[PDB]
Amino acid sequence: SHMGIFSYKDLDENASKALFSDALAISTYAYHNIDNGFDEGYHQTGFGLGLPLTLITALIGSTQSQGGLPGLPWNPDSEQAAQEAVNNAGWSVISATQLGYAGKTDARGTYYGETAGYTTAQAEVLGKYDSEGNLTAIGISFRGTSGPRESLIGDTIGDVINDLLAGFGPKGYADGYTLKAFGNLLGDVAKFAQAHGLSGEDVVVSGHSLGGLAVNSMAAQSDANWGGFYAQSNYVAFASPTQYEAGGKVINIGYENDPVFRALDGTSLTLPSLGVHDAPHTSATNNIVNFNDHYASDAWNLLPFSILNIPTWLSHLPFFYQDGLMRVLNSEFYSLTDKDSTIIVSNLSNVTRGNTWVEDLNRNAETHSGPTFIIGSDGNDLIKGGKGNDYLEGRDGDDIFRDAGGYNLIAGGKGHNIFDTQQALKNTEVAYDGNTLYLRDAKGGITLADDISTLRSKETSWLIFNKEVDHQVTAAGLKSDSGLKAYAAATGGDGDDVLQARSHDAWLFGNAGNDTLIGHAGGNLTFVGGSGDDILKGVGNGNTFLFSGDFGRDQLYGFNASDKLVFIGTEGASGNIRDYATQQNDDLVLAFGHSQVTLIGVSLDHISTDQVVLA
Ligand SMILES: [Ca+2]
Ligand SMILES: [Ca+2]
Ligand SMILES: [Ca+2]
Ligand SMILES: [Ca+2]
Ligand SMILES: [Ca+2]
Ligand SMILES: [Ca+2]
Ligand SMILES: [Ca+2]
Ligand SMILES: [Ca+2]
């Protein structure tokens with residue numbers, strides 16, 4: 001069973017998602033929009049020939065963004081925007097007075113490290129209140145490397161020393177960081193929480209980078225310190241170089257091409273620390289790609305991947321974390337994801353988005369396996385799936401998809417979306433159920449694509465060899481300059497339809513409701529009952545029975561040695577159909593949670609591996 005890539009302990013899926021959203025919000029907030037100028041410059045001028053312009057904007061911003069430098073009156077107030085965002089997520093800073101904390105805070109309510117050597121550490125303490133004013137949860141956020149704009153360089157230097165000591169320091173250095181920086185604070189927060197009838201489980205702890213380290217550190221100290229109050233707290237660490245994994249306390253979320261993420265093995269420095277370090281850790285999301293201008297670029301990647309290679313640090317910036325991982329969380333495909341799902345996140349600049357395909361390059365990382373999820377942006381994307389099974393999500397904007405094979409789901413989202421086959425249309429079987437486009441390639445691979453207005457092919461003649469041709473996707477068929485080419489389909493609607501296949505139908509679409517789909521002597525038919533509980537009457541040979549997403553509870557008659565079952569994007573993580581099967585008298589039931597299909601008069605030992613696709 002799939003729990004979502006950001007699944008945490010034993011939480012139900014929605015609780016995990018909600019927690020993830022809170023953690024990312026407070027983790028981001030700790031940086032006070034320090035990378036706001038970089039966000040603007042990156043998107044505007046990129047990471048190539050425009051890089052010099054990007055870097056300057058990162059330092060002094062514009063009238064639309066604030067760089068690292070404070071006090072320029074033509075910049076917007078990015079601190080106010082930072083506070084607005086965290087407050088919109090449901091959080092507000094709790095004051096030292098509210099805590100009765102005797103330590104140091106600044107005018108923005110930020111808490112500072114308590115011990116010599118840790119005084120450039122920063123933490124945020126926030127609360128979520130009900131519409132009634134009662135305290136409901138507490139959030140603890142640790143800042144990564146950097147500090148308030150007004151003391152940026154000095155503070156950053158302090159942090160870098162702490163960073164170096166985590167790799168080159170005492171074995172216990174990383175583990176002690178949070179105890180030494182915020183030992184007293186955390187005690188006061190515990191007393192505060194308790195006075196408000198809250199327990200360790202009402203606390204979310206997060207942070208990015210060095211702040212990620214700090215998350216794992218608190219977790220490491222939480223059984224023995226603070227009366228054990230934070231033992232069962234929720235620890236969500238972003239881009240941490242370290243992992244504390246004993247007791248299942250922490251989830252470590254980051255991008256695999258972020259050289260800081262998992263740079264240390266546990267807390268140890270190893271050879272791979274200075275290079276590629278993509279060995280999978282139990283607590284970590286090991287296969288999320290930040291598909292940005294650096295990652296996309298062959299030229300950039302002639303240089304070895306390394307935390308010592310400064311350009312690679314692009315993938316670490318907190319705005320990529322905030323924006324990219326929220327799209328992952330909000331993805332229409334989220335409930336199909338697991339901790340180690342291969343997820344490619346589009347994070348291109350405006351300079352490259354229109355001429356660069358977002359795809360699994362698998363660069364500087366262990367070989368990916370399992371399905372691949374590619375998450376678009378709300379801009380106009382070029383998205384390309386591989387030869388395996390892909391889940392491509394366009395989101396807003398006018399998106400173009402390509403896919404190299406296998407079994408796939410595509411969500412065009414809003415906008416005018418194109419599916420580009422990259423070859424002669426005659427090489428692809430195309431049908432449509434009124435909403436979803438079905439494409440079957442020459443090897444039997446099947447793609448379901450929603451919100452596609454145009455099917456693009458590449459055609460040729462004895463004269464011209466690469467003409468691109470668009471076909472408007474209409475209910476009546478594909479419309480082109482050559483005319484209107486209908487689908488070989490019988491198509492039902494919202495009702496409980498009875499569909500008998502006619503001579504040249506190749507597809508039966510029940511759509512919503514409880515439909516009866518009846519085959520014909522010639523076989524070679526694809527049955528798609530759709531949602532609702534459908535009856536599928538297979539006749540003759542070479543029939544395909546296709547099921548996707550929540551396909552309801554179907555009954556399949558007539559199944560034989562020459563027929564095929566295809567499940568795409570369905571409940572259950574197993575790739576082995578035996579794991580879904582139970583024999584009920586003469587009937588074989590393949591159960592998929594809320595969906596299932598009962599094959600009447602069939603037993604599992606009569607079904608070969610060629611007859612079933614789990615994708
Ligand atoms: Ca700092
Ligand atoms: Ca990986
Ligand atoms: Ca898009
Ligand atoms: Ca779109
Ligand atoms: Ca594919
Ligand atoms: Ca129907
Ligand atoms: Ca149906
Ligand atoms: Ca159905």
# chains A, B, ... in the order shown; residues from 1 in each chain; ligands from 1

$ residues_around --residues "region 119-124 of chain A" --least-positions-apart "6" --cutoff "7 Å" --atoms "only C-alpha atoms" --output "PyMOL selection string"
chain A and resi 30+110-113+140-143+155+158-159+181

$ write_last_selection --atoms "N, CA and C atoms" --output "CSV table (one decimal), in the first residue's frame"
chain,number,residue,atom,x,y,z
A,30,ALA,N,12.4,30.4,8.6
A,30,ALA,CA,13.7,30.6,9.3
A,30,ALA,C,14.7,31.4,8.5
A,110,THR,N,13.5,36.4,16.5
A,110,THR,CA,14.4,35.2,16.3
A,110,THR,C,15.2,34.9,17.5
A,111,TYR,N,15.3,33.6,17.8
A,111,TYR,CA,16.1,33.2,19.0
A,111,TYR,C,17.6,32.8,18.5
A,112,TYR,N,18.5,33.2,19.4
A,112,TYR,CA,20.0,33.0,19.0
A,112,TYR,C,20.6,31.9,19.9
A,113,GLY,N,21.6,31.2,19.4
A,113,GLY,CA,22.4,30.2,20.1
A,113,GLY,C,22.9,30.7,21.4
A,140,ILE,N,8.9,24.4,15.8
A,140,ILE,CA,10.3,24.8,16.1
A,140,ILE,C,11.1,24.7,14.8
A,141,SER,N,11.6,25.8,14.4
A,141,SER,CA,12.3,25.9,13.2
A,141,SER,C,13.8,26.3,13.4
A,142,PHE,N,14.7,25.6,12.8
A,142,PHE,CA,16.1,26.0,12.9
A,142,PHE,C,16.6,26.5,11.6
A,143,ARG,N,17.4,27.6,11.7
A,143,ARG,CA,17.9,28.2,10.4
A,143,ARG,C,19.1,27.4,9.9
A,155,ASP,N,27.6,36.4,10.5
A,155,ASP,CA,26.8,35.3,11.0
A,155,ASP,C,27.1,34.1,10.2
A,158,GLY,N,30.3,32.3,11.2
A,158,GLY,CA,30.0,31.4,12.4
A,158,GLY,C,29.4,30.1,12.0
A,159,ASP,N,28.4,30.2,11.2
A,159,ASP,CA,27.7,29.0,10.7
A,159,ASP,C,28.6,28.0,9.9
A,181,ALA,N,23.2,24.8,21.3
A,181,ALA,CA,22.6,26.1,20.8
A,181,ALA,C,21.4,26.5,21.6

$ residues_around --residues "residue 595 (chain A)" --least-positions-apart "2" --cutoff "7 Å" --atoms "only C-alpha atoms" --output "list in words"
residues 550, 551, 552, 553, 591, 592 and 593 of chain A

$ residues_near_ligand --ligand "ligand 7" --cutoff "9 Å" --atoms "only C-alpha atoms and all ligand atoms" --output "tab-separated table (two decimals) with N, CA, C and O atoms, in the first residue's frame"
chain	number	residue	atom	x	y	z
A	492	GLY	N	-19.76	5.25	-23.94
A	492	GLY	CA	-20.92	5.55	-23.09
A	492	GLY	C	-20.76	6.90	-22.40
A	492	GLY	O	-19.82	7.65	-22.69
A	493	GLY	N	-21.69	7.20	-21.49
A	493	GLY	CA	-21.67	8.43	-20.71
A	493	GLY	C	-21.80	8.17	-19.22
A	493	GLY	O	-21.41	7.10	-18.73
A	494	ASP	N	-22.35	9.15	-18.49
A	494	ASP	CA	-22.52	9.06	-17.04
A	494	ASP	C	-23.45	7.93	-16.60
A	494	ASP	O	-23.40	7.48	-15.44
A	495	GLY	N	-24.30	7.48	-17.51
A	495	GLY	CA	-25.31	6.47	-17.19
A	495	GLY	C	-24.76	5.06	-17.14
A	495	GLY	O	-23.60	4.81	-17.46
A	496	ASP	N	-25.61	4.15	-16.72
A	496	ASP	CA	-25.32	2.74	-16.72
A	496	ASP	C	-25.59	2.25	-18.14
A	496	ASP	O	-26.72	1.90	-18.48
A	497	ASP	N	-24.55	2.26	-18.96
A	497	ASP	CA	-24.67	1.98	-20.38
A	497	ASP	C	-24.51	0.51	-20.74
A	497	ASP	O	-23.71	-0.21	-20.12
A	509	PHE	N	-15.63	2.13	-24.08
A	509	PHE	CA	-15.48	3.02	-22.93
A	509	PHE	C	-16.83	3.17	-22.21
A	509	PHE	O	-17.74	3.81	-22.74
A	510	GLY	N	-16.96	2.57	-21.03
A	510	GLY	CA	-18.19	2.68	-20.26
A	510	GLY	C	-18.32	4.06	-19.64
A	510	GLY	O	-19.42	4.58	-19.52
A	511	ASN	N	-17.18	4.65	-19.25
A	511	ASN	CA	-17.15	5.92	-18.51
A	511	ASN	C	-17.85	5.75	-17.16
A	511	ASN	O	-17.87	4.64	-16.63
A	512	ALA	N	-18.41	6.80	-16.59
A	512	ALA	CA	-19.01	6.69	-15.26
A	512	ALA	C	-20.23	5.78	-15.26
A	512	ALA	O	-20.79	5.46	-16.31
A	513	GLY	N	-20.64	5.35	-14.07
A	513	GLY	CA	-21.80	4.48	-13.95
A	513	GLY	C	-21.43	3.01	-14.12
A	513	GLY	O	-20.28	2.66	-14.41
A	514	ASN	N	-22.43	2.17	-13.93
A	514	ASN	CA	-22.25	0.72	-13.99
A	514	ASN	C	-22.62	0.20	-15.38
A	514	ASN	O	-23.79	0.04	-15.71
A	515	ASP	N	-21.59	-0.04	-16.18
A	515	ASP	CA	-21.75	-0.34	-17.60
A	515	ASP	C	-21.57	-1.82	-17.93
A	515	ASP	O	-20.85	-2.55	-17.23
A	516	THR	N	-22.22	-2.26	-19.00
A	516	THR	CA	-22.04	-3.62	-19.51
A	516	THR	C	-21.40	-3.51	-20.89
A	516	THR	O	-22.01	-2.95	-21.83
A	528	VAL	N	-12.67	-0.87	-21.39
A	528	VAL	CA	-12.37	0.09	-20.35
A	528	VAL	C	-13.68	0.43	-19.64
A	528	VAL	O	-14.45	1.28	-20.11
A	529	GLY	N	-13.96	-0.24	-18.51
A	529	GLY	CA	-15.25	-0.01	-17.85
A	529	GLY	C	-15.35	1.39	-17.26
A	529	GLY	O	-16.45	1.96	-17.14
A	530	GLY	N	-14.19	1.94	-16.90
A	530	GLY	CA	-14.08	3.27	-16.33
A	530	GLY	C	-14.49	3.20	-14.87
A	530	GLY	O	-14.51	2.12	-14.28
A	531	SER	N	-14.81	4.34	-14.29
A	531	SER	CA	-15.29	4.34	-12.93
A	531	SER	C	-16.65	3.64	-12.88
A	531	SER	O	-17.26	3.37	-13.92
A	532	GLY	N	-17.13	3.35	-11.67
A	532	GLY	CA	-18.34	2.56	-11.49
A	532	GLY	C	-18.04	1.06	-11.57
A	532	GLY	O	-16.92	0.63	-11.90
A	533	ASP	N	-19.06	0.27	-11.28
A	533	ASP	CA	-18.91	-1.17	-11.22
A	533	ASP	C	-19.43	-1.78	-12.49
A	533	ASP	O	-20.64	-1.80	-12.72
A	534	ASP	N	-18.51	-2.28	-13.31
A	534	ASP	CA	-18.80	-2.67	-14.69
A	534	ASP	C	-18.73	-4.18	-14.95
A	534	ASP	O	-18.02	-4.92	-14.28
A	535	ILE	N	-19.49	-4.61	-15.94
A	535	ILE	CA	-19.52	-5.98	-16.40
A	535	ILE	C	-18.79	-6.04	-17.73
A	535	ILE	O	-19.13	-5.30	-18.67
A	551	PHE	N	-10.95	2.35	-10.31
A	551	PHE	CA	-11.77	1.79	-11.37
A	551	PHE	C	-13.01	1.02	-10.87
A	551	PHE	O	-13.66	0.35	-11.64
A	552	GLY	N	-13.34	1.14	-9.58
A	552	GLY	CA	-14.54	0.49	-9.02
A	552	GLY	C	-14.42	-1.02	-8.98
A	552	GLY	O	-13.31	-1.57	-9.01
A	554	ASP	N	-15.25	-4.43	-10.82
A	554	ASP	CA	-15.68	-5.01	-12.08
A	554	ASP	C	-15.83	-6.54	-12.01
A	554	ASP	O	-15.19	-7.19	-11.18

$ select_by_dssp --residues "region 197-364 of chain A" --states "helix (DSSP H, G or I)" --output "VMD selection string"
chain A and resid 200 to 202 210 to 221 226 to 228 271 to 274 293 to 296 300 to 302 310 to 316 318 to 329 334 to 336

$ residues_near_ligand --ligand "ligand 4" --cutoff "9 Å" --atoms "only C-alpha atoms and all ligand atoms" --output "PyMOL selection string"
chain A and resi 376-381+393-400+411-418+451-452

$ residues_near_ligand --ligand "ligand 2" --cutoff "6 Å" --atoms "only C-alpha atoms and all ligand atoms" --output "VMD selection string"
chain A and resid 256 278 286 to 287 365 to 366

$ write_last_selection --atoms "N, CA, C and O atoms" --output "PDB file, in the first residue's frame"
ATOM      1  N   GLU A 256      18.241  14.691  -4.569  1.00  0.00           N
ATOM      2  CA  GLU A 256      19.433  13.839  -4.711  1.00  0.00           C
ATOM      3  C   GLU A 256      20.597  14.608  -5.356  1.00  0.00           C
ATOM      4  O   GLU A 256      21.750  14.300  -5.093  1.00  0.00           O
ATOM      5  N   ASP A 278      24.867   9.232  -3.139  1.00  0.00           N
ATOM      6  CA  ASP A 278      23.465   8.924  -3.357  1.00  0.00           C
ATOM      7  C   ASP A 278      23.142   7.524  -2.852  1.00  0.00           C
ATOM      8  O   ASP A 278      22.153   6.936  -3.278  1.00  0.00           O
ATOM      9  N   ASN A 286      15.199   9.291  -1.226  1.00  0.00           N
ATOM     10  CA  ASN A 286      16.484   9.173  -1.918  1.00  0.00           C
ATOM     11  C   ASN A 286      16.523   9.542  -3.395  1.00  0.00           C
ATOM     12  O   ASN A 286      17.613   9.606  -3.998  1.00  0.00           O
ATOM     13  N   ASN A 287      15.350   9.771  -3.982  1.00  0.00           N
ATOM     14  CA  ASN A 287      15.282   9.861  -5.445  1.00  0.00           C
ATOM     15  C   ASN A 287      14.441  11.011  -6.009  1.00  0.00           C
ATOM     16  O   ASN A 287      13.748  10.849  -7.019  1.00  0.00           O
ATOM     17  N   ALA A 365      23.748  10.023  -9.800  1.00  0.00           N
ATOM     18  CA  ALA A 365      22.822   9.331  -8.897  1.00  0.00           C
ATOM     19  C   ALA A 365      22.768   7.844  -9.224  1.00  0.00           C
ATOM     20  O   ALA A 365      23.024   7.454 -10.363  1.00  0.00           O
ATOM     21  N   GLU A 366      22.438   7.014  -8.234  1.00  0.00           N
ATOM     22  CA  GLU A 366      22.243   5.590  -8.488  1.00  0.00           C
ATOM     23  C   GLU A 366      21.169   5.440  -9.561  1.00  0.00           C
ATOM     24  O   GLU A 366      20.314   6.314  -9.715  1.00  0.00           O
TER      25      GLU A 366
END

$ closest_residue --among "A:188, A:332, A:338, A:359" --to "ligand 5" --atoms "only C-alpha atoms and all ligand atoms"
A:359

$ atom_distance --atom1 "CA of residue 270 (chain A)" --atom2 "CA of residue 315 (chain A)"
21.3 Å

$ closest_residue --among "A:5, A:125, A:195, A:588" --to "residue 336 (chain A)" --atoms "only C-alpha atoms"
A:5

$ closest_residue --among "A:102, A:328, A:26, A:96" --to "residue 208 (chain A)" --atoms "only C-alpha atoms"
A:26

$ residues_near_ligand --ligand "ligand 5" --cutoff "6 Å" --atoms "only C-alpha atoms and all ligand atoms" --output "ChimeraX atom specification"
/A:385-390,403-408

$ write_last_selection --atoms "N, CA and C atoms" --output "short mmCIF file (atom, residue, chain, number, x, y, z; two decimals), in the first residue's frame"
data_model
loop_
_atom_site.label_atom_id
_atom_site.label_comp_id
_atom_site.auth_asym_id
_atom_site.auth_seq_id
_atom_site.Cartn_x
_atom_site.Cartn_y
_atom_site.Cartn_z
N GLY A 385 8.73 11.77 -20.70
CA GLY A 385 8.83 10.50 -19.99
C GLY A 385 9.72 9.49 -20.69
N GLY A 386 10.23 8.53 -19.92
CA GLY A 386 11.13 7.53 -20.47
C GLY A 386 10.44 6.30 -21.01
N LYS A 387 11.23 5.25 -21.24
CA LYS A 387 10.75 4.00 -21.82
C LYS A 387 10.01 3.15 -20.82
N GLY A 388 10.10 3.51 -19.54
CA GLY A 388 9.41 2.78 -18.49
C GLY A 388 8.05 3.44 -18.23
N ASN A 389 7.53 3.21 -17.03
CA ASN A 389 6.22 3.72 -16.68
C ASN A 389 6.37 5.09 -16.05
N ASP A 390 5.63 6.06 -16.59
CA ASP A 390 5.74 7.46 -16.21
C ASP A 390 4.39 8.06 -15.81
N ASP A 403 6.75 10.95 -24.56
CA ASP A 403 7.05 9.79 -23.72
C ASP A 403 7.58 8.66 -24.58
N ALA A 404 8.63 8.00 -24.10
CA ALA A 404 9.40 7.10 -24.94
C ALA A 404 8.89 5.67 -24.93
N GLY A 405 7.93 5.36 -24.06
CA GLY A 405 7.32 4.03 -24.07
C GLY A 405 6.69 3.58 -22.76
N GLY A 406 6.35 2.30 -22.68
CA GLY A 406 5.82 1.73 -21.45
C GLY A 406 4.38 2.12 -21.18
N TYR A 407 4.01 2.17 -19.91
CA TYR A 407 2.60 2.37 -19.53
C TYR A 407 2.54 3.64 -18.70
N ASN A 408 1.71 4.60 -19.12
CA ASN A 408 1.83 5.97 -18.58
C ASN A 408 0.51 6.66 -18.30
#

$ select_by_dssp --residues "region 227-415 of chain A" --states "strand (DSSP E)" --output "count of residues only"
38

$ closest_residue --among "A:69, A:424, A:410, A:166" --to "residue 150 (chain A)" --atoms "only C-alpha atoms"
A:69

$ residues_around --residues "residue 175 (chain A)" --least-positions-apart "3" --cutoff "9 Å" --atoms "only C-alpha atoms" --output "list in words"
residues 166, 171, 172, 178, 179, 213, 214, 216, 217, 218, 219, 220, 221, 244 and 267 of chain A

$ write_last_selection --atoms "C-alpha atoms" --output "compact mmCIF listing (two decimals), in the first residue's frame"
# COMPACT_ATOMS: atom_id res chain seq x y z
CA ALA A 166 29.95 18.52 11.73
CA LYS A 171 32.21 12.39 16.58
CA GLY A 172 29.46 13.86 18.76
CA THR A 178 21.04 21.64 19.12
CA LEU A 179 21.62 20.79 22.79
CA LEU A 213 21.29 18.94 10.88
CA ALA A 214 19.75 20.65 13.89
CA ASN A 216 18.28 15.36 13.50
CA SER A 217 20.29 16.59 16.49
CA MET A 218 17.26 17.47 18.56
CA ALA A 219 15.75 14.09 17.65
CA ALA A 220 18.98 12.42 18.75
CA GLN A 221 18.83 14.19 22.13
CA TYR A 244 19.62 10.35 12.98
CA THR A 267 27.18 11.87 10.87

$ residues_around --residues "residue 613 (chain A)" --least-positions-apart "4" --cutoff "9 Å" --atoms "only C-alpha atoms" --output "list in words"
residues 407, 564, 565, 566, 567, 568, 575, 577 and 609 of chain A

$ residues_around --residues "residue 14 (chain A)" --least-positions-apart "4" --cutoff "10 Å" --atoms "only C-alpha atoms" --output "list in words"
residues 3, 4, 7, 18, 19, 20 and 335 of chain A

$ write_last_selection --atoms "N, CA and C atoms" --output "PDB file, in the first residue's frame"
ATOM      1  N   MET A   3       1.762   5.163   0.772  1.00  0.00           N
ATOM      2  CA  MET A   3       1.429   6.131   1.818  1.00  0.00           C
ATOM      3  C   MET A   3       1.780   7.571   1.486  1.00  0.00           C
ATOM      4  N   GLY A   4       2.389   7.799   0.326  1.00  0.00           N
ATOM      5  CA  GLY A   4       2.862   9.134  -0.023  1.00  0.00           C
ATOM      6  C   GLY A   4       4.341   9.255   0.261  1.00  0.00           C
ATOM      7  N   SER A   7       5.212  10.373   3.791  1.00  0.00           N
ATOM      8  CA  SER A   7       4.639   9.579   4.890  1.00  0.00           C
ATOM      9  C   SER A   7       5.558   9.620   6.105  1.00  0.00           C
ATOM     10  N   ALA A  18      -0.409  17.192   5.863  1.00  0.00           N
ATOM     11  CA  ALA A  18      -0.615  18.398   6.668  1.00  0.00           C
ATOM     12  C   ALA A  18       0.640  18.750   7.466  1.00  0.00           C
ATOM     13  N   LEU A  19       1.278  17.720   8.033  1.00  0.00           N
ATOM     14  CA  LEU A  19       2.494  17.907   8.811  1.00  0.00           C
ATOM     15  C   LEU A  19       3.621  18.356   7.913  1.00  0.00           C
ATOM     16  N   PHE A  20       3.660  17.785   6.716  1.00  0.00           N
ATOM     17  CA  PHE A  20       4.719  18.131   5.821  1.00  0.00           C
ATOM     18  C   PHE A  20       4.597  19.602   5.459  1.00  0.00           C
ATOM     19  N   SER A 335      -0.797  10.276  -4.029  1.00  0.00           N
ATOM     20  CA  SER A 335      -1.218   9.080  -3.287  1.00  0.00           C
ATOM     21  C   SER A 335      -0.649   7.801  -3.901  1.00  0.00           C
TER      22      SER A 335
END

$ atom_distance --atom1 "CA of residue 199 (chain A)" --atom2 "CA of residue 227 (chain A)"
11.7 Å
